[PDB]
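Structure data (compact mmCIF, C-alpha atoms and all ligand atoms) from run14.txt:
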```txt
# COMPACT_ATOMS: atom_id res chain seq x y z
CA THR A 1 -90.49 24.24 90.72
CA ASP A 2 -87.25 22.28 91.43
CA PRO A 3 -88.36 19.64 93.75
CA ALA A 4 -85.27 20.30 95.93
CA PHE A 5 -86.90 23.77 96.58
CA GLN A 6 -90.27 22.25 96.98
CA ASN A 7 -89.21 20.07 99.85
CA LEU A 8 -87.33 23.05 101.39
CA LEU A 9 -90.25 25.31 101.55
CA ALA A 10 -92.27 22.68 103.24
CA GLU A 11 -89.62 22.15 105.74
CA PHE A 12 -89.53 25.91 106.27
CA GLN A 13 -93.32 26.28 106.66
CA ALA A 14 -93.46 23.57 109.26
CA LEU A 15 -90.74 24.93 111.42
CA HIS A 16 -92.02 28.22 111.35
CA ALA A 17 -95.03 26.90 112.68
CA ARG A 18 -93.36 24.91 115.44
CA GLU A 19 -91.15 27.64 116.56
CA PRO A 20 -92.50 30.68 118.35
CA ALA A 21 -89.59 32.96 117.71
CA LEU A 22 -90.16 32.47 113.99
CA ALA A 23 -93.89 32.67 114.03
CA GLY A 24 -93.67 35.65 116.25
CA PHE A 25 -91.44 37.51 113.84
CA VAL A 26 -93.44 37.13 110.79
CA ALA A 27 -96.53 35.41 109.53
CA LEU A 28 -96.21 33.04 106.79
CA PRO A 29 -98.34 34.21 103.98
CA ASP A 30 -98.85 30.81 102.64
CA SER A 31 -99.02 32.10 99.38
CA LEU A 32 -95.78 32.64 97.67
CA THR A 33 -95.37 33.36 93.93
CA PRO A 34 -92.83 31.15 92.13
CA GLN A 35 -89.91 32.61 90.30
CA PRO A 36 -87.11 31.23 88.41
CA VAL A 37 -83.58 30.90 89.98
CA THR A 38 -80.48 31.09 88.00
CA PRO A 39 -77.95 28.69 89.64
CA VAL A 40 -74.63 29.93 90.79
CA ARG A 41 -72.13 27.55 92.40
CA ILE A 42 -69.48 28.59 94.78
CA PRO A 43 -67.01 26.68 96.85
CA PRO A 44 -68.83 27.45 100.04
CA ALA A 45 -71.62 25.18 98.81
CA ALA A 46 -69.18 22.38 98.62
CA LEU A 47 -68.22 23.18 102.10
CA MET A 48 -71.77 22.99 103.38
CA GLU A 49 -72.44 19.81 101.67
CA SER A 50 -69.33 18.30 102.90
CA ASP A 51 -69.16 19.44 106.58
CA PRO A 52 -69.22 16.50 108.97
CA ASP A 53 -69.94 18.58 111.99
CA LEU A 54 -73.21 20.30 111.36
CA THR A 55 -74.78 18.66 114.50
CA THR A 56 -78.32 19.04 115.59
CA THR A 57 -81.17 18.30 118.04
CA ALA A 58 -84.38 18.80 116.34
CA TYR A 59 -83.56 20.31 112.94
CA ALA A 60 -82.05 17.68 110.63
CA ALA A 61 -84.71 17.80 108.07
CA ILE A 62 -84.34 21.36 107.14
CA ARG A 63 -80.80 21.27 107.37
CA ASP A 64 -80.68 18.39 104.87
CA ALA A 65 -83.03 20.22 102.79
CA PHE A 66 -80.90 23.29 102.83
CA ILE A 67 -78.10 21.07 101.54
CA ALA A 68 -80.15 19.39 98.93
CA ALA A 69 -81.27 22.63 97.29
CA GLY A 70 -77.89 23.82 97.40
CA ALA A 71 -77.39 22.21 94.09
CA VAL A 72 -79.88 24.32 92.58
CA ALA A 73 -79.34 27.56 94.50
CA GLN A 74 -78.31 30.95 93.60
CA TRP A 75 -75.30 31.32 95.81
CA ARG A 76 -74.58 34.72 96.70
CA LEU A 77 -71.63 36.82 96.62
CA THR A 78 -72.23 39.74 98.79
CA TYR A 79 -69.11 41.65 99.75
CA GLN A 80 -67.49 41.02 96.47
CA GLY A 81 -65.51 43.99 95.90
CA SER A 82 -64.59 44.70 99.41
CA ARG A 83 -61.79 44.35 101.81
CA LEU A 84 -62.60 40.75 102.21
CA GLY A 85 -60.51 38.21 100.56
CA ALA A 86 -60.96 34.91 99.34
CA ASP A 87 -60.50 33.69 102.72
CA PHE A 88 -63.90 35.06 103.26
CA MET A 89 -65.40 34.85 99.95
CA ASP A 90 -64.75 31.14 99.52
CA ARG A 91 -66.07 30.20 102.95
CA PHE A 92 -69.06 32.42 103.44
CA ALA A 93 -72.16 30.62 102.32
CA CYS A 94 -75.45 32.16 101.59
CA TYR A 95 -78.42 31.64 99.40
CA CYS A 96 -82.11 33.03 99.27
CA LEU A 97 -85.14 30.90 99.66
CA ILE A 98 -87.76 33.73 99.94
CA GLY A 99 -86.98 36.93 98.05
CA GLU A 100 -84.57 38.25 95.56
CA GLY A 101 -82.59 35.43 94.01
CA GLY A 102 -84.80 32.78 95.58
CA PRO A 103 -87.39 30.36 94.16
CA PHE A 104 -90.30 32.27 95.86
CA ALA A 105 -91.29 35.80 95.97
CA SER A 106 -92.79 37.92 98.86
CA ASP A 107 -93.29 41.48 100.02
CA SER A 108 -93.51 40.69 103.53
CA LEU A 109 -90.48 38.48 104.30
CA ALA A 110 -87.24 36.99 103.05
CA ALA A 111 -85.60 33.87 104.05
CA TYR A 112 -82.06 32.69 103.81
CA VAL A 113 -79.41 30.04 104.94
CA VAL A 114 -76.04 30.91 106.35
CA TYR A 115 -73.29 28.57 106.56
CA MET A 116 -70.10 29.16 107.97
CA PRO A 117 -67.25 26.86 108.40
CA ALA A 118 -65.06 26.75 111.45
CA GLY A 119 -62.37 29.26 111.85
CA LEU A 120 -64.15 32.11 110.26
CA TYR A 121 -64.91 35.65 111.06
CA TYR A 122 -68.02 37.29 109.64
CA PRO A 123 -67.12 40.99 110.24
CA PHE A 124 -69.57 43.63 111.63
CA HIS A 125 -72.39 44.17 109.14
CA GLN A 126 -75.63 45.85 108.77
CA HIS A 127 -78.86 46.40 106.95
CA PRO A 128 -82.32 48.01 107.08
CA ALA A 129 -84.25 44.86 107.46
CA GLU A 130 -85.05 43.59 110.77
CA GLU A 131 -83.61 40.28 111.38
CA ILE A 132 -83.85 36.94 113.04
CA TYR A 133 -81.05 34.34 113.25
CA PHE A 134 -82.30 30.87 114.12
CA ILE A 135 -79.62 28.35 114.42
CA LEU A 136 -80.14 24.91 112.82
CA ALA A 137 -76.70 23.27 113.20
CA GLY A 138 -73.55 23.58 115.10
CA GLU A 139 -72.68 26.52 116.99
CA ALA A 140 -71.11 29.90 116.73
CA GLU A 141 -70.55 33.18 118.41
CA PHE A 142 -72.79 36.11 117.80
CA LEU A 143 -71.69 39.56 118.08
CA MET A 144 -73.79 42.70 118.34
CA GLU A 145 -72.64 46.21 118.93
CA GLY A 146 -73.28 47.12 122.51
CA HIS A 147 -74.41 43.83 123.89
CA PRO A 148 -72.54 40.93 125.37
CA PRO A 149 -71.86 38.13 123.11
CA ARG A 150 -73.90 35.00 122.84
CA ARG A 151 -72.80 31.54 122.00
CA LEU A 152 -75.47 30.06 119.84
CA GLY A 153 -76.51 26.64 119.42
CA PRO A 154 -79.34 24.94 117.86
CA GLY A 155 -82.70 26.28 118.22
CA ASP A 156 -81.09 29.39 119.66
CA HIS A 157 -81.92 32.75 118.16
CA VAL A 158 -80.88 36.34 118.01
CA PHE A 159 -82.77 39.45 116.99
CA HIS A 160 -81.17 42.26 115.02
CA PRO A 161 -82.74 45.64 115.26
CA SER A 162 -82.59 47.78 112.01
CA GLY A 163 -79.18 48.92 111.07
CA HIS A 164 -77.68 47.32 114.04
CA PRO A 165 -74.18 46.13 113.59
CA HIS A 166 -73.76 42.35 114.08
CA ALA A 167 -70.92 39.81 113.56
CA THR A 168 -70.29 36.09 113.74
CA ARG A 169 -67.18 34.09 114.62
CA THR A 170 -66.80 30.33 114.44
CA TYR A 171 -64.10 28.63 116.47
CA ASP A 172 -63.78 24.85 115.99
CA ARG A 173 -67.45 24.27 115.09
CA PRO A 174 -69.44 25.24 111.97
CA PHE A 175 -73.05 26.42 111.98
CA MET A 176 -76.03 26.71 109.69
CA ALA A 177 -78.85 29.18 110.37
CA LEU A 178 -82.18 30.20 109.02
CA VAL A 179 -82.28 33.97 108.62
CA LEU A 180 -85.60 35.86 108.29
CA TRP A 181 -86.00 39.47 107.10
CA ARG A 182 -88.92 41.83 107.46
CA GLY A 183 -89.35 45.46 106.49
CA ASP A 184 -86.96 46.89 103.90
CA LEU A 185 -86.00 43.74 101.99
CA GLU A 186 -84.37 45.44 99.04
CA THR A 187 -81.27 47.00 100.68
CA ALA A 188 -78.30 44.59 100.73
CA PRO A 189 -76.13 44.21 103.89
CA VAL A 190 -72.96 46.34 104.04
CA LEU A 191 -69.82 46.09 106.19
CA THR A 192 -69.98 48.42 109.20
CA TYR A 193 -66.25 49.08 108.82
CA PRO A 194 -65.41 48.85 105.09
CA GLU A 195 -61.83 49.94 105.86
CA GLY A 196 -61.08 48.71 109.36
CA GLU A 197 -61.63 45.75 111.69
FE FE B 201 -77.69 40.21 109.09
```
Just give me the structure as structure tokens.
Ligand SMILES: [Fe+3]
Amino acid sequence: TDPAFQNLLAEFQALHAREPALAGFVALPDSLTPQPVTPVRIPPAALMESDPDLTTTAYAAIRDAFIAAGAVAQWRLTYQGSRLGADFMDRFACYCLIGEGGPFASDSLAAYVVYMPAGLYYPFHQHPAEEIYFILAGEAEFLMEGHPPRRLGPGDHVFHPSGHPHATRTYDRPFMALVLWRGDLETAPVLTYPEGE
């Protein structure tokens, strides 16, 4: 429906295809049932739209498209009643494209955008889905329990085994990423340390 979302999908489908780490993770079913989205705006959206420093190589289209459908997105508010403050809540940017709260439905995958501004810590978090982080724009640090950290640029990617604690920290750069889920799509991410860290 909303042509913002229309263009987005199409930018999704084509990158998926061009990118082995995506196409290797999940097959695109081709073949997604449309569903209405109730818009929710949050300040992070503003942030994403505004950020002058979401730099790329090969991934401007999708990026722009992510931005464009931002106006119509269901912005999420995961971590709501946690230990995380508005500091977090008003900076951490996420919406659904494929799945719950997104314009398209699927039993096989979900797809998302993550934005984070500079000077932010995304604390250690976890979920049942298997995960891929494909970076579109800027750069950030990726954290994963028991592995050395990785600085992630564009077209870089990280795999998250099930339940595996992972974190992100931005320094002076922002980033945007495509995030794909497979497996248990229904269980929302939770903080690994709801009281600490
Ligand atoms: Fe995750």
Option closest in space to ligand FE 201 (chain B), from A:7, A:192, A:126, A:187 [counting only C-alpha atoms and all ligand atoms]: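 Counting only C-alpha atoms and all ligand atoms, the residue closest to ligand FE 201 (chain B) is A:126.
Of the listed residues (A:30, A:123, A:47, A:72), A:30 comes nearest to residue 17 of chain A; the distances count all atoms listed in the file.
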Interatomic distance (Å, one decimal) between atom CA of residue 66 of chain A and atom CA of residue 171 of chain A: 22.3 Å
Shell of 7 Å around ligand FE 201 (chain B) (all atoms listed in the file), written as a list in words: residues 125, 126, 127, 131, 166 and 189 of chain A
Residue nearest residue 112 of chain A - candidates A:143, A:32, A:185, A:190, atoms counted: all atoms listed in the file: A:185
All residues 8 Å or closer to residue 183 of chain A, only C-alpha atoms, same chain fewer than 4 positions away omitted, as number ranges by chain: A: 108-109, 128-130
Who sits within 8 Å of residue 91 of chain A, only C-alpha atoms, same chain under 6 positions skipped, as a PDB file with C-alpha atoms, in the frame of the given file:
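The new file around_8.pdb reads:
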```pdb
ATOM      1  CA  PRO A  43     -67.010  26.680  96.850  1.00  0.00           C
ATOM      2  CA  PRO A  44     -68.830  27.450 100.040  1.00  0.00           C
ATOM      3  CA  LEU A  47     -68.220  23.180 102.100  1.00  0.00           C
ATOM      4  CA  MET A 116     -70.100  29.160 107.970  1.00  0.00           C
ATOM      5  CA  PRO A 117     -67.250  26.860 108.400  1.00  0.00           C
ATOM      6  CA  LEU A 120     -64.150  32.110 110.260  1.00  0.00           C
TER       7      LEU A 120
END
```
Around (-88.4, 28.0, 101.5) in the file's own coordinates, what residues are found within 6 Å if you use only C-alpha atoms, given back as a compact mmCIF listing (two decimals) with C-alpha atoms, in the frame of the given file?
```
# COMPACT_ATOMS: atom_id res chain seq x y z
CA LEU A 8 -87.33 23.05 101.39
CA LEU A 9 -90.25 25.31 101.55
CA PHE A 12 -89.53 25.91 106.27
CA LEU A 97 -85.14 30.90 99.66
CA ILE A 98 -87.76 33.73 99.94
```
Segment 73-79 of chain A surroundings by only C-alpha atoms, 9 Å radius, close-in-sequence under 2 positions cut, as a count of residues only: 30
N, CA and C atoms restored at segment 102-118 of chain A, emitted as a short mmCIF file (atom, residue, chain, number, x, y, z; two decimals), in the coordinates of the input:
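Ended up saving to part12.cif:
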```
data_model
loop_
_atom_site.label_atom_id
_atom_site.label_comp_id
_atom_site.auth_asym_id
_atom_site.auth_seq_id
_atom_site.Cartn_x
_atom_site.Cartn_y
_atom_site.Cartn_z
N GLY A 102 -84.25 34.02 95.09
CA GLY A 102 -84.80 32.78 95.58
C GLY A 102 -85.93 32.25 94.73
N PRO A 103 -86.30 30.97 94.94
CA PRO A 103 -87.39 30.36 94.16
C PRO A 103 -88.79 30.95 94.42
N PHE A 104 -89.03 31.72 95.46
CA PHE A 104 -90.30 32.27 95.86
C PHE A 104 -90.24 33.70 96.13
N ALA A 105 -91.27 34.42 95.80
CA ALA A 105 -91.29 35.80 95.97
C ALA A 105 -92.21 36.24 97.06
N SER A 106 -92.00 37.37 97.71
CA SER A 106 -92.79 37.92 98.86
C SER A 106 -92.51 39.33 99.12
N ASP A 107 -93.48 40.16 99.42
CA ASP A 107 -93.29 41.48 100.02
C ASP A 107 -93.30 41.64 101.52
N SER A 108 -93.39 40.61 102.20
CA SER A 108 -93.51 40.69 103.53
C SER A 108 -92.25 40.12 104.35
N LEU A 109 -91.63 39.15 103.85
CA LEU A 109 -90.48 38.48 104.30
C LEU A 109 -89.42 38.13 103.23
N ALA A 110 -88.20 37.88 103.62
CA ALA A 110 -87.24 36.99 103.05
C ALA A 110 -86.66 35.97 104.00
N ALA A 111 -86.22 34.94 103.44
CA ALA A 111 -85.60 33.87 104.05
C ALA A 111 -84.43 33.47 103.27
N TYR A 112 -83.43 33.08 104.05
CA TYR A 112 -82.06 32.69 103.81
C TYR A 112 -81.48 31.51 104.77
N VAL A 113 -80.39 30.93 104.31
CA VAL A 113 -79.41 30.04 104.94
C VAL A 113 -78.11 30.68 104.95
N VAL A 114 -77.43 30.63 106.06
CA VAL A 114 -76.04 30.91 106.35
C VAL A 114 -75.41 29.76 106.91
N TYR A 115 -74.43 29.39 106.19
CA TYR A 115 -73.29 28.57 106.56
C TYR A 115 -72.04 29.26 106.66
N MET A 116 -71.42 28.96 107.69
CA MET A 116 -70.10 29.16 107.97
C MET A 116 -69.33 28.00 108.54
N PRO A 117 -68.16 27.81 107.83
CA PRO A 117 -67.25 26.86 108.40
C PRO A 117 -66.59 27.34 109.69
N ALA A 118 -65.97 26.48 110.42
CA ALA A 118 -65.06 26.75 111.45
C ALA A 118 -63.86 27.55 110.98
#
```
